[PDB]
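Novice: Below is a structure I'd like to ask you about.
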Amino acid sequence: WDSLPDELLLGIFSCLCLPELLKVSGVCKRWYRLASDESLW
Amino acid sequence: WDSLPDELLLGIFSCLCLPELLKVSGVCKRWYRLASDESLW
Amino acid sequence: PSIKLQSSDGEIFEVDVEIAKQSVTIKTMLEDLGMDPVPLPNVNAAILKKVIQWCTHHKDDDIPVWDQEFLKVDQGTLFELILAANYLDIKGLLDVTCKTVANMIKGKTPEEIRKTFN
Amino acid sequence: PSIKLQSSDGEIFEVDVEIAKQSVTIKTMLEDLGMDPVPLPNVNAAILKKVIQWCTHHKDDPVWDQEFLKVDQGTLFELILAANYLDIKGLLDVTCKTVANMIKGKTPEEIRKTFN
């Protein structure tokens, strides 16, 4: 799952409850990078 | 045509104007028999 | 509403019942028997896809130009379409396909007919 | 009425023109260009068929979706891309939620593995 541009990845992540982003942040550097995105909080 | 059921051949022949059936009858054994079908005349 | 049609070789096609219903027999199975995967043991995927295409174009219903171009297929596919139309009881399909073969007979000698159809 | 959609791999799909009501991308191509055969260079036949199947089911607008999306992970990824490309908002939304539900309740390890 890297062929999805960041926008779609944030689309998926935005479905999660905030604390759930802690899980996505430890998965991958892209995920770590995208999980802190200004728009998810 | 090795497979169409005779009922389907009649369906094809039914689309021909009558004089045309003379052609069909001169093609082969089966065609001659079906060309003579009650349902066409 | 839609239903799944399953070809003899297992491909599943999700089809609008309004499209599938031109097959008189599938119409009764979907509306009356209420069959989940409608099995069609005598139609393969390649031909079923073409039958569905025709049904999709004709869902709102001389050979119409669209049908003439749709039927510009090889002889074998045309005969398979006749069979499938017969099997599924799709009258309009059966008509146009039989008409198409009839046109390959018109204005030809028995000798020319033998040749083209073998 | 039907129109032809052409997948990236050349397969033609005769589809009910009503799909336009769901794909803004196809709608633009249909209305704004003509394109009898509507070319969709970013979607292959396998995924296009599934997209058409989802639109057909949803033309009259969930548990059916849960069943429909109970498929291979790479396929799920392709569906997200195709919903985005074709701009079919409802398909995009349920596929991203489906993916989020595979993340939810799991630890980074599983997540890495399942989507590995």
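Each chain in the structure tokens gets a letter, A, B, ..., in the order shown, and its residues are numbered from 1; ligands are numbered from 1 in order too.
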Quick one: superpose chain A onto chain B using all C-alpha atoms paired in order, least squares, and give it to me as a PDB file with N, CA, C and O atoms, in the first residue's frame.
Specialist:
ATOM      1  N   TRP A   1     -22.697 -25.520 -39.779  1.00  0.00           N
ATOM      2  CA  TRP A   1     -24.029 -25.159 -39.238  1.00  0.00           C
ATOM      3  C   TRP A   1     -24.960 -26.346 -39.205  1.00  0.00           C
ATOM      4  O   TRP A   1     -25.829 -26.503 -40.080  1.00  0.00           O
ATOM      5  N   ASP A   2     -24.755 -27.192 -38.193  1.00  0.00           N
ATOM      6  CA  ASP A   2     -25.568 -28.383 -37.987  1.00  0.00           C
ATOM      7  C   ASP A   2     -25.838 -28.533 -36.498  1.00  0.00           C
ATOM      8  O   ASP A   2     -26.700 -29.310 -36.078  1.00  0.00           O
ATOM      9  N   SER A   3     -25.099 -27.770 -35.695  1.00  0.00           N
ATOM     10  CA  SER A   3     -25.261 -27.823 -34.247  1.00  0.00           C
ATOM     11  C   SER A   3     -26.525 -27.075 -33.829  1.00  0.00           C
ATOM     12  O   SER A   3     -26.941 -27.130 -32.681  1.00  0.00           O
ATOM     13  N   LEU A   4     -27.130 -26.366 -34.773  1.00  0.00           N
ATOM     14  CA  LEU A   4     -28.359 -25.655 -34.479  1.00  0.00           C
ATOM     15  C   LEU A   4     -29.496 -26.624 -34.683  1.00  0.00           C
ATOM     16  O   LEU A   4     -29.584 -27.293 -35.717  1.00  0.00           O
ATOM     17  N   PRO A   5     -30.383 -26.725 -33.700  1.00  0.00           N
ATOM     18  CA  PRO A   5     -31.491 -27.640 -33.889  1.00  0.00           C
ATOM     19  C   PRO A   5     -32.320 -27.100 -35.056  1.00  0.00           C
ATOM     20  O   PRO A   5     -32.195 -25.919 -35.432  1.00  0.00           O
ATOM     21  N   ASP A   6     -33.143 -27.969 -35.636  1.00  0.00           N
ATOM     22  CA  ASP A   6     -33.999 -27.586 -36.756  1.00  0.00           C
ATOM     23  C   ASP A   6     -34.805 -26.317 -36.442  1.00  0.00           C
ATOM     24  O   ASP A   6     -34.973 -25.461 -37.307  1.00  0.00           O
ATOM     25  N   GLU A   7     -35.288 -26.176 -35.207  1.00  0.00           N
ATOM     26  CA  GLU A   7     -36.079 -25.000 -34.852  1.00  0.00           C
ATOM     27  C   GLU A   7     -35.364 -23.699 -35.171  1.00  0.00           C
ATOM     28  O   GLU A   7     -35.966 -22.786 -35.748  1.00  0.00           O
ATOM     29  N   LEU A   8     -34.088 -23.604 -34.783  1.00  0.00           N
ATOM     30  CA  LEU A   8     -33.327 -22.383 -35.042  1.00  0.00           C
ATOM     31  C   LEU A   8     -33.078 -22.217 -36.525  1.00  0.00           C
ATOM     32  O   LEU A   8     -33.109 -21.102 -37.032  1.00  0.00           O
ATOM     33  N   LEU A   9     -32.848 -23.328 -37.233  1.00  0.00           N
ATOM     34  CA  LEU A   9     -32.625 -23.272 -38.676  1.00  0.00           C
ATOM     35  C   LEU A   9     -33.850 -22.731 -39.379  1.00  0.00           C
ATOM     36  O   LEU A   9     -33.739 -21.959 -40.336  1.00  0.00           O
ATOM     37  N   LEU A  10     -35.025 -23.143 -38.916  1.00  0.00           N
ATOM     38  CA  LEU A  10     -36.263 -22.653 -39.489  1.00  0.00           C
ATOM     39  C   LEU A  10     -36.444 -21.174 -39.086  1.00  0.00           C
ATOM     40  O   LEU A  10     -37.084 -20.415 -39.792  1.00  0.00           O
ATOM     41  N   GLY A  11     -35.875 -20.783 -37.951  1.00  0.00           N
ATOM     42  CA  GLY A  11     -35.966 -19.398 -37.536  1.00  0.00           C
ATOM     43  C   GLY A  11     -35.239 -18.539 -38.553  1.00  0.00           C
ATOM     44  O   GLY A  11     -35.719 -17.476 -38.945  1.00  0.00           O
ATOM     45  N   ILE A  12     -34.059 -18.995 -38.966  1.00  0.00           N
ATOM     46  CA  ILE A  12     -33.262 -18.280 -39.950  1.00  0.00           C
ATOM     47  C   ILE A  12     -34.013 -18.255 -41.301  1.00  0.00           C
ATOM     48  O   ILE A  12     -34.258 -17.201 -41.872  1.00  0.00           O
ATOM     49  N   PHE A  13     -34.380 -19.437 -41.786  1.00  0.00           N
ATOM     50  CA  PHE A  13     -35.078 -19.577 -43.066  1.00  0.00           C
ATOM     51  C   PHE A  13     -36.361 -18.777 -43.139  1.00  0.00           C
ATOM     52  O   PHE A  13     -36.703 -18.267 -44.201  1.00  0.00           O
ATOM     53  N   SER A  14     -37.076 -18.675 -42.027  1.00  0.00           N
ATOM     54  CA  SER A  14     -38.320 -17.886 -42.009  1.00  0.00           C
ATOM     55  C   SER A  14     -38.038 -16.396 -42.228  1.00  0.00           C
ATOM     56  O   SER A  14     -38.959 -15.611 -42.409  1.00  0.00           O
ATOM     57  N   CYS A  15     -36.775 -15.983 -42.206  1.00  0.00           N
ATOM     58  CA  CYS A  15     -36.518 -14.566 -42.458  1.00  0.00           C
ATOM     59  C   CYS A  15     -36.466 -14.291 -43.964  1.00  0.00           C
ATOM     60  O   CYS A  15     -36.601 -13.155 -44.381  1.00  0.00           O
ATOM     61  N   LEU A  16     -36.303 -15.343 -44.763  1.00  0.00           N
ATOM     62  CA  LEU A  16     -36.185 -15.232 -46.231  1.00  0.00           C
ATOM     63  C   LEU A  16     -37.518 -15.050 -46.977  1.00  0.00           C
ATOM     64  O   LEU A  16     -38.579 -15.391 -46.462  1.00  0.00           O
ATOM     65  N   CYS A  17     -37.460 -14.489 -48.182  1.00  0.00           N
ATOM     66  CA  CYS A  17     -38.667 -14.336 -48.994  1.00  0.00           C
ATOM     67  C   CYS A  17     -38.882 -15.760 -49.545  1.00  0.00           C
ATOM     68  O   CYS A  17     -37.913 -16.456 -49.835  1.00  0.00           O
ATOM     69  N   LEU A  18     -40.133 -16.196 -49.671  1.00  0.00           N
ATOM     70  CA  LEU A  18     -40.431 -17.545 -50.153  1.00  0.00           C
ATOM     71  C   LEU A  18     -39.572 -18.100 -51.287  1.00  0.00           C
ATOM     72  O   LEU A  18     -38.993 -19.175 -51.162  1.00  0.00           O
ATOM     73  N   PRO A  19     -39.460 -17.373 -52.403  1.00  0.00           N
ATOM     74  CA  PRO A  19     -38.652 -17.879 -53.512  1.00  0.00           C
ATOM     75  C   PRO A  19     -37.203 -18.123 -53.111  1.00  0.00           C
ATOM     76  O   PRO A  19     -36.506 -18.929 -53.725  1.00  0.00           O
ATOM     77  N   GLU A  20     -36.757 -17.446 -52.058  1.00  0.00           N
ATOM     78  CA  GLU A  20     -35.391 -17.597 -51.588  1.00  0.00           C
ATOM     79  C   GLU A  20     -35.163 -18.988 -51.003  1.00  0.00           C
ATOM     80  O   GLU A  20     -34.025 -19.455 -50.903  1.00  0.00           O
ATOM     81  N   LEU A  21     -36.244 -19.656 -50.619  1.00  0.00           N
ATOM     82  CA  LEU A  21     -36.124 -21.008 -50.077  1.00  0.00           C
ATOM     83  C   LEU A  21     -35.631 -22.010 -51.124  1.00  0.00           C
ATOM     84  O   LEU A  21     -35.129 -23.076 -50.784  1.00  0.00           O
ATOM     85  N   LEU A  22     -35.759 -21.659 -52.406  1.00  0.00           N
ATOM     86  CA  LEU A  22     -35.281 -22.515 -53.471  1.00  0.00           C
ATOM     87  C   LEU A  22     -33.756 -22.595 -53.323  1.00  0.00           C
ATOM     88  O   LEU A  22     -33.124 -23.621 -53.593  1.00  0.00           O
ATOM     89  N   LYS A  23     -33.142 -21.497 -52.910  1.00  0.00           N
ATOM     90  CA  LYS A  23     -31.696 -21.526 -52.742  1.00  0.00           C
ATOM     91  C   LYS A  23     -31.311 -22.408 -51.561  1.00  0.00           C
ATOM     92  O   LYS A  23     -30.419 -23.243 -51.672  1.00  0.00           O
ATOM     93  N   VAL A  24     -31.987 -22.235 -50.430  1.00  0.00           N
ATOM     94  CA  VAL A  24     -31.653 -23.039 -49.268  1.00  0.00           C
ATOM     95  C   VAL A  24     -31.918 -24.524 -49.494  1.00  0.00           C
ATOM     96  O   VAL A  24     -31.228 -25.374 -48.942  1.00  0.00           O
ATOM     97  N   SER A  25     -32.903 -24.840 -50.328  1.00  0.00           N
ATOM     98  CA  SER A  25     -33.240 -26.244 -50.574  1.00  0.00           C
ATOM     99  C   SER A  25     -32.158 -27.019 -51.328  1.00  0.00           C
ATOM    100  O   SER A  25     -32.060 -28.238 -51.202  1.00  0.00           O
ATOM    101  N   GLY A  26     -31.352 -26.328 -52.124  1.00  0.00           N
ATOM    102  CA  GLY A  26     -30.315 -27.016 -52.866  1.00  0.00           C
ATOM    103  C   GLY A  26     -28.976 -27.054 -52.152  1.00  0.00           C
ATOM    104  O   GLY A  26     -28.003 -27.620 -52.636  1.00  0.00           O
ATOM    105  N   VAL A  27     -28.924 -26.465 -50.971  1.00  0.00           N
ATOM    106  CA  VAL A  27     -27.667 -26.407 -50.221  1.00  0.00           C
ATOM    107  C   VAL A  27     -27.324 -27.719 -49.545  1.00  0.00           C
ATOM    108  O   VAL A  27     -26.274 -28.314 -49.764  1.00  0.00           O
ATOM    109  N   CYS A  28     -28.261 -28.179 -48.738  1.00  0.00           N
ATOM    110  CA  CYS A  28     -28.037 -29.348 -47.933  1.00  0.00           C
ATOM    111  C   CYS A  28     -29.292 -30.209 -47.829  1.00  0.00           C
ATOM    112  O   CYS A  28     -30.392 -29.715 -48.055  1.00  0.00           O
ATOM    113  N   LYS A  29     -29.136 -31.490 -47.502  1.00  0.00           N
ATOM    114  CA  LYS A  29     -30.309 -32.360 -47.368  1.00  0.00           C
ATOM    115  C   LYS A  29     -31.132 -31.897 -46.173  1.00  0.00           C
ATOM    116  O   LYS A  29     -32.356 -31.922 -46.213  1.00  0.00           O
ATOM    117  N   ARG A  30     -30.468 -31.484 -45.095  1.00  0.00           N
ATOM    118  CA  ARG A  30     -31.207 -30.988 -43.936  1.00  0.00           C
ATOM    119  C   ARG A  30     -31.949 -29.730 -44.371  1.00  0.00           C
ATOM    120  O   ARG A  30     -33.115 -29.520 -44.052  1.00  0.00           O
ATOM    121  N   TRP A  31     -31.235 -28.886 -45.092  1.00  0.00           N
ATOM    122  CA  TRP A  31     -31.801 -27.637 -45.572  1.00  0.00           C
ATOM    123  C   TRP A  31     -32.929 -27.911 -46.549  1.00  0.00           C
ATOM    124  O   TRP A  31     -33.945 -27.215 -46.540  1.00  0.00           O
ATOM    125  N   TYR A  32     -32.706 -28.912 -47.397  1.00  0.00           N
ATOM    126  CA  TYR A  32     -33.696 -29.328 -48.365  1.00  0.00           C
ATOM    127  C   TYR A  32     -34.873 -29.819 -47.554  1.00  0.00           C
ATOM    128  O   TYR A  32     -36.015 -29.422 -47.788  1.00  0.00           O
ATOM    129  N   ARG A  33     -34.603 -30.666 -46.561  1.00  0.00           N
ATOM    130  CA  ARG A  33     -35.681 -31.186 -45.723  1.00  0.00           C
ATOM    131  C   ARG A  33     -36.386 -30.070 -44.962  1.00  0.00           C
ATOM    132  O   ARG A  33     -37.597 -30.032 -44.911  1.00  0.00           O
ATOM    133  N   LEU A  34     -35.639 -29.152 -44.354  1.00  0.00           N
ATOM    134  CA  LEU A  34     -36.288 -28.085 -43.601  1.00  0.00           C
ATOM    135  C   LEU A  34     -36.972 -27.012 -44.449  1.00  0.00           C
ATOM    136  O   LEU A  34     -37.963 -26.412 -44.011  1.00  0.00           O
ATOM    137  N   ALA A  35     -36.457 -26.757 -45.648  1.00  0.00           N
ATOM    138  CA  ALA A  35     -37.063 -25.715 -46.490  1.00  0.00           C
ATOM    139  C   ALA A  35     -38.507 -25.970 -46.915  1.00  0.00           C
ATOM    140  O   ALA A  35     -39.252 -25.036 -47.181  1.00  0.00           O
ATOM    141  N   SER A  36     -38.895 -27.236 -46.977  1.00  0.00           N
ATOM    142  CA  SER A  36     -40.246 -27.593 -47.373  1.00  0.00           C
ATOM    143  C   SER A  36     -41.104 -27.625 -46.135  1.00  0.00           C
ATOM    144  O   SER A  36     -42.285 -28.004 -46.170  1.00  0.00           O
ATOM    145  N   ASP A  37     -40.548 -27.248 -44.994  1.00  0.00           N
ATOM    146  CA  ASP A  37     -41.382 -27.340 -43.815  1.00  0.00           C
ATOM    147  C   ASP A  37     -42.749 -26.615 -43.878  1.00  0.00           C
ATOM    148  O   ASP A  37     -42.796 -25.443 -44.218  1.00  0.00           O
ATOM    149  N   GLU A  38     -43.824 -27.329 -43.499  1.00  0.00           N
ATOM    150  CA  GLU A  38     -45.221 -26.866 -43.511  1.00  0.00           C
ATOM    151  C   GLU A  38     -45.376 -25.512 -42.897  1.00  0.00           C
ATOM    152  O   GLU A  38     -46.317 -24.766 -43.176  1.00  0.00           O
ATOM    153  N   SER A  39     -44.469 -25.182 -42.005  1.00  0.00           N
ATOM    154  CA  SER A  39     -44.629 -23.917 -41.334  1.00  0.00           C
ATOM    155  C   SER A  39     -44.029 -22.695 -42.027  1.00  0.00           C
ATOM    156  O   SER A  39     -44.273 -21.564 -41.619  1.00  0.00           O
ATOM    157  N   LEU A  40     -43.248 -22.918 -43.079  1.00  0.00           N
ATOM    158  CA  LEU A  40     -42.611 -21.830 -43.824  1.00  0.00           C
ATOM    159  C   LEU A  40     -43.455 -21.316 -44.993  1.00  0.00           C
ATOM    160  O   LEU A  40     -43.049 -20.409 -45.726  1.00  0.00           O
ATOM    161  N   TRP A  41     -44.625 -21.911 -45.185  1.00  0.00           N
ATOM    162  CA  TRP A  41     -45.486 -21.493 -46.276  1.00  0.00           C
ATOM    163  C   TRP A  41     -46.873 -21.136 -45.777  1.00  0.00           C
ATOM    164  O   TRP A  41     -47.226 -19.938 -45.866  1.00  0.00           O
TER     165      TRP A  41
END
Novice: Find the nearest atom pair between each residue of chain C and chain D for residues within 12 Å, count only C-alpha atoms, give distances in Å to one decimal, sort rows by chain and ascending number, and present the table as a Markdown table.
Specialist:
| residue | atom | partner | partner_atom | distance |
| --- | --- | --- | --- | --- |
| C:1 | CA | D:57 | CA | 6.4 |
| C:2 | CA | D:57 | CA | 5.8 |
| C:3 | CA | D:57 | CA | 8.5 |
| C:4 | CA | D:53 | CA | 9.5 |
| C:5 | CA | D:53 | CA | 11.7 |
| C:11 | CA | D:49 | CA | 11.4 |
| C:12 | CA | D:53 | CA | 10.1 |
| C:13 | CA | D:53 | CA | 7.7 |
| C:14 | CA | D:53 | CA | 5.3 |
| C:15 | CA | D:56 | CA | 7.1 |
| C:16 | CA | D:56 | CA | 6.3 |
| C:17 | CA | D:56 | CA | 9.8 |
| C:18 | CA | D:16 | CA | 10.6 |
| C:19 | CA | D:16 | CA | 9.3 |
| C:46 | CA | D:11 | CA | 11.9 |
| C:49 | CA | D:13 | CA | 8.8 |
| C:50 | CA | D:14 | CA | 9.0 |
| C:51 | CA | D:14 | CA | 10.5 |
| C:52 | CA | D:14 | CA | 8.2 |
| C:53 | CA | D:14 | CA | 5.2 |
| C:54 | CA | D:14 | CA | 8.1 |
| C:55 | CA | D:14 | CA | 9.4 |
| C:56 | CA | D:2 | CA | 6.3 |
| C:57 | CA | D:2 | CA | 5.0 |
| C:58 | CA | D:1 | CA | 7.5 |
| C:59 | CA | D:1 | CA | 7.2 |
| C:60 | CA | D:1 | CA | 6.7 |
| C:61 | CA | D:1 | CA | 9.5 |
| C:66 | CA | D:2 | CA | 11.1 |
| C:70 | CA | D:14 | CA | 10.8 |
Novice: Find the residues around residue 22 in chain C up to 6 Å (only C-alpha atoms counted), leave out those fewer than 2 positions away in its own chain, and share them as a ChimeraX atom specification.
Specialist: /C:20,24,90
Novice: Filtering to N, CA, C and O atoms, could you give me those residues as a compact mmCIF listing (two decimals), in the first residue's frame?
Specialist:
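Below you can see part32.txt, which holds the result:
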# COMPACT_ATOMS: atom_id res chain seq x y z
N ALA C 20 -31.43 -8.28 -17.30
CA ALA C 20 -31.50 -9.73 -17.28
C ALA C 20 -32.84 -10.27 -17.70
O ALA C 20 -32.92 -11.33 -18.32
N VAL C 24 -36.57 -14.41 -20.95
CA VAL C 24 -37.83 -14.75 -20.29
C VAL C 24 -37.64 -15.70 -19.13
O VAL C 24 -38.29 -15.58 -18.09
N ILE C 90 -34.29 -15.32 -25.38
CA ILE C 90 -34.21 -13.90 -25.60
C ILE C 90 -34.61 -13.69 -27.07
O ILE C 90 -33.80 -13.71 -28.00
Novice: Measure the distance from CA of residue 25 in chain D to CA of residue 71 in chain D in Å and round it to one decimal.
Specialist: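 We find that CA of residue 25 in chain D and CA of residue 71 in chain D lie 24.9 Å from each other.
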Novice: Please report, as a list in words, each residue of chain C to which DSSP assigns strand (DSSP E) when run on this structure's backbone.
Specialist: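 These are the residues in question: residues 2, 3, 4, 5, 6, 7, 12, 13, 14, 15, 16, 38, 39 and 40 of chain C.
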Novice: How many Å lie between CA of residue 44 in chain C and CA of residue 8 in chain C, rounded to one decimal?
Specialist: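 Separation of CA of residue 44 in chain C and CA of residue 8 in chain C: 5.1 Å.
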Novice: When distances are computed from only C-alpha atoms, which of D:89, D:70, D:113, D:97 shows the smallest separation from chain A?
Specialist: D:97
Novice: Please build the interface table for chain D against chain A with a cut-off of 8 Å, listing for each qualifying residue the nearest atom pair and the distance in Å to one decimal; count only C-alpha atoms, order rows by chain and increasing number, and write it as CSV.
Specialist:
residue,atom,partner,partner_atom,distance
D:77,CA,A:1,CA,7.2
D:80,CA,A:8,CA,7.8
D:81,CA,A:4,CA,6.9
D:96,CA,A:12,CA,4.7
D:97,CA,A:15,CA,6.0
D:99,CA,A:12,CA,6.6
D:100,CA,A:12,CA,5.6
D:103,CA,A:24,CA,7.6
D:104,CA,A:20,CA,6.8
D:106,CA,A:23,CA,7.6
D:107,CA,A:23,CA,6.0
D:108,CA,A:27,CA,4.7
D:109,CA,A:27,CA,7.0
D:111,CA,A:27,CA,6.9
D:112,CA,A:27,CA,5.9
D:115,CA,A:1,CA,6.5
D:116,CA,A:1,CA,7.6
Novice: Would you mind exporting C-alpha atoms of the selected residues as an mmCIF file, in the first residue's frame?
Specialist:
data_model
loop_
_atom_site.group_PDB
_atom_site.id
_atom_site.type_symbol
_atom_site.label_atom_id
_atom_site.label_comp_id
_atom_site.auth_asym_id
_atom_site.auth_seq_id
_atom_site.Cartn_x
_atom_site.Cartn_y
_atom_site.Cartn_z
ATOM 1 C CA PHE D 77 -6.477 -0.968 -2.999
ATOM 2 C CA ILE D 80 -9.957 2.802 -3.901
ATOM 3 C CA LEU D 81 -7.804 4.051 -6.760
ATOM 4 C CA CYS D 96 -11.629 3.541 2.714
ATOM 5 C CA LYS D 97 -13.766 2.691 5.777
ATOM 6 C CA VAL D 99 -9.552 -0.488 5.041
ATOM 7 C CA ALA D 100 -9.728 1.594 8.235
ATOM 8 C CA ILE D 103 -6.407 -1.098 10.874
ATOM 9 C CA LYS D 104 -8.704 -0.506 13.831
ATOM 10 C CA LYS D 106 -4.758 -3.952 15.465
ATOM 11 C CA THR D 107 -1.140 -3.248 16.378
ATOM 12 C CA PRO D 108 1.424 -1.791 13.993
ATOM 13 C CA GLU D 109 2.869 -5.304 13.563
ATOM 14 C CA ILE D 111 -1.046 -3.846 10.119
ATOM 15 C CA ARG D 112 2.418 -4.061 8.515
ATOM 16 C CA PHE D 115 -0.988 -4.885 4.149
ATOM 17 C CA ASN D 116 2.487 -6.273 3.530
#
Novice: Let me make sure I understand: among C:118, C:6, C:109, C:103, which one has the smallest atom-to-atom distance to residue 35 in chain C if we use only C-alpha atoms?
Specialist: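 For residue 35 in chain C, the nearest of the given residues is C:6.
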Novice: For the contact check between chain C and chain B, emit one row per residue of chain C within 6 Å, containing the shortest atom pair and the distance in Å rounded to one decimal, counting only C-alpha atoms, chain then rising number order, as a Markdown table.
Specialist:
| residue | atom | partner | partner_atom | distance |
| --- | --- | --- | --- | --- |
| C:98 | CA | B:12 | CA | 4.6 |
| C:99 | CA | B:15 | CA | 5.9 |
| C:102 | CA | B:12 | CA | 5.4 |
| C:110 | CA | B:27 | CA | 4.7 |
Novice: Determine which residues of chain A receive a DSSP assignment of alpha helix (DSSP H), computed from the backbone, and state them as an mmCIF file with N, CA, C and O atoms, in the first residue's frame.
Specialist:
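Here's the written file part37.cif:
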data_model
loop_
_atom_site.group_PDB
_atom_site.id
_atom_site.type_symbol
_atom_site.label_atom_id
_atom_site.label_comp_id
_atom_site.auth_asym_id
_atom_site.auth_seq_id
_atom_site.Cartn_x
_atom_site.Cartn_y
_atom_site.Cartn_z
ATOM 1 N N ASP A 6 -0.810 10.106 -1.076
ATOM 2 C CA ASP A 6 -1.034 10.502 0.312
ATOM 3 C C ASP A 6 -2.498 10.896 0.557
ATOM 4 O O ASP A 6 -3.062 10.567 1.598
ATOM 5 N N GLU A 7 -3.127 11.581 -0.399
ATOM 6 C CA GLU A 7 -4.514 12.002 -0.217
ATOM 7 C C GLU A 7 -5.431 10.846 0.139
ATOM 8 O O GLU A 7 -6.245 10.963 1.064
ATOM 9 N N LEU A 8 -5.317 9.737 -0.599
ATOM 10 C CA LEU A 8 -6.168 8.580 -0.329
ATOM 11 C C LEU A 8 -5.804 7.951 0.997
ATOM 12 O O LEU A 8 -6.681 7.494 1.722
ATOM 13 N N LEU A 9 -4.510 7.940 1.333
ATOM 14 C CA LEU A 9 -4.064 7.379 2.606
ATOM 15 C C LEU A 9 -4.653 8.160 3.761
ATOM 16 O O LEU A 9 -5.042 7.581 4.780
ATOM 17 N N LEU A 10 -4.711 9.478 3.612
ATOM 18 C CA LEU A 10 -5.297 10.317 4.639
ATOM 19 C C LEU A 10 -6.824 10.091 4.652
ATOM 20 O O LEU A 10 -7.466 10.262 5.673
ATOM 21 N N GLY A 11 -7.387 9.708 3.512
ATOM 22 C CA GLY A 11 -8.809 9.433 3.464
ATOM 23 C C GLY A 11 -9.104 8.248 4.364
ATOM 24 O O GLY A 11 -10.081 8.246 5.112
ATOM 25 N N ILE A 12 -8.263 7.221 4.272
ATOM 26 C CA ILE A 12 -8.418 6.027 5.088
ATOM 27 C C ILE A 12 -8.217 6.391 6.576
ATOM 28 O O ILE A 12 -9.072 6.136 7.415
ATOM 29 N N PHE A 13 -7.075 7.001 6.878
ATOM 30 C CA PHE A 13 -6.730 7.386 8.248
ATOM 31 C C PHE A 13 -7.765 8.281 8.897
ATOM 32 O O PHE A 13 -7.994 8.179 10.098
ATOM 33 N N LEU A 21 -4.640 6.715 15.570
ATOM 34 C CA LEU A 21 -3.535 7.176 14.732
ATOM 35 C C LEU A 21 -2.170 6.808 15.321
ATOM 36 O O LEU A 21 -1.169 6.778 14.614
ATOM 37 N N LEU A 22 -2.133 6.511 16.623
ATOM 38 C CA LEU A 22 -0.901 6.105 17.265
ATOM 39 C C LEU A 22 -0.489 4.770 16.631
ATOM 40 O O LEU A 22 0.694 4.466 16.454
ATOM 41 N N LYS A 23 -1.469 3.944 16.300
ATOM 42 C CA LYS A 23 -1.131 2.671 15.682
ATOM 43 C C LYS A 23 -0.586 2.883 14.276
ATOM 44 O O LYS A 23 0.439 2.314 13.913
ATOM 45 N N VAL A 24 -1.260 3.709 13.484
ATOM 46 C CA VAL A 24 -0.794 3.939 12.128
ATOM 47 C C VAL A 24 0.573 4.616 12.091
ATOM 48 O O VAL A 24 1.358 4.392 11.176
ATOM 49 N N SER A 25 0.871 5.426 13.101
ATOM 50 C CA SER A 25 2.151 6.139 13.124
ATOM 51 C C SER A 25 3.365 5.226 13.308
ATOM 52 O O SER A 25 4.470 5.565 12.891
ATOM 53 N N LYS A 29 7.059 4.822 7.835
ATOM 54 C CA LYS A 29 7.523 6.211 7.889
ATOM 55 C C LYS A 29 6.525 7.092 7.148
ATOM 56 O O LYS A 29 6.253 8.211 7.564
ATOM 57 N N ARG A 30 5.983 6.600 6.034
ATOM 58 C CA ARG A 30 4.987 7.385 5.308
ATOM 59 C C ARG A 30 3.779 7.550 6.221
ATOM 60 O O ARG A 30 3.196 8.622 6.340
ATOM 61 N N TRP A 31 3.404 6.451 6.848
ATOM 62 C CA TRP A 31 2.261 6.446 7.746
ATOM 63 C C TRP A 31 2.529 7.341 8.942
ATOM 64 O O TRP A 31 1.631 8.044 9.408
ATOM 65 N N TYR A 32 3.763 7.267 9.433
ATOM 66 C CA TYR A 32 4.192 8.083 10.546
ATOM 67 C C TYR A 32 4.099 9.512 10.060
ATOM 68 O O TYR A 32 3.519 10.372 10.723
ATOM 69 N N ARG A 33 4.641 9.774 8.871
ATOM 70 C CA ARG A 33 4.592 11.128 8.322
ATOM 71 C C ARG A 33 3.158 11.584 8.089
ATOM 72 O O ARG A 33 2.803 12.692 8.431
ATOM 73 N N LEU A 34 2.316 10.742 7.496
ATOM 74 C CA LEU A 34 0.943 11.162 7.241
ATOM 75 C C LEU A 34 0.045 11.237 8.476
ATOM 76 O O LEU A 34 -0.889 12.049 8.517
ATOM 77 N N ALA A 35 0.307 10.402 9.477
ATOM 78 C CA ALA A 35 -0.544 10.417 10.676
ATOM 79 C C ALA A 35 -0.543 11.724 11.466
ATOM 80 O O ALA A 35 -1.506 12.037 12.153
#
Novice: Taking 3 positions as the minimum chain separation for residues in the same chain, which residues sit within 8 Å of residue 6 in chain D when counting only C-alpha atoms? Answer as a list in words.
Specialist: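 My list of contacting residues is residues 9, 10, 11, 12, 13, 37, 38, 39 and 40 of chain D.
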Novice: So that I can check the surroundings of residue 79 in chain D, please list as a ChimeraX atom specification every protein, DNA and RNA residue that reaches within 9 Å of it, counting only C-alpha atoms and ignoring chain neighbours fewer than 5 positions away.
Specialist: /D:47-48,50-51,74,84,91-92,95
Novice: So which residues touch residue 24 in chain D within 7 Å, counting only C-alpha atoms, skipping near sequence neighbours fewer than 5 positions away, as a ChimeraX atom specification?
Specialist: /D:86-88
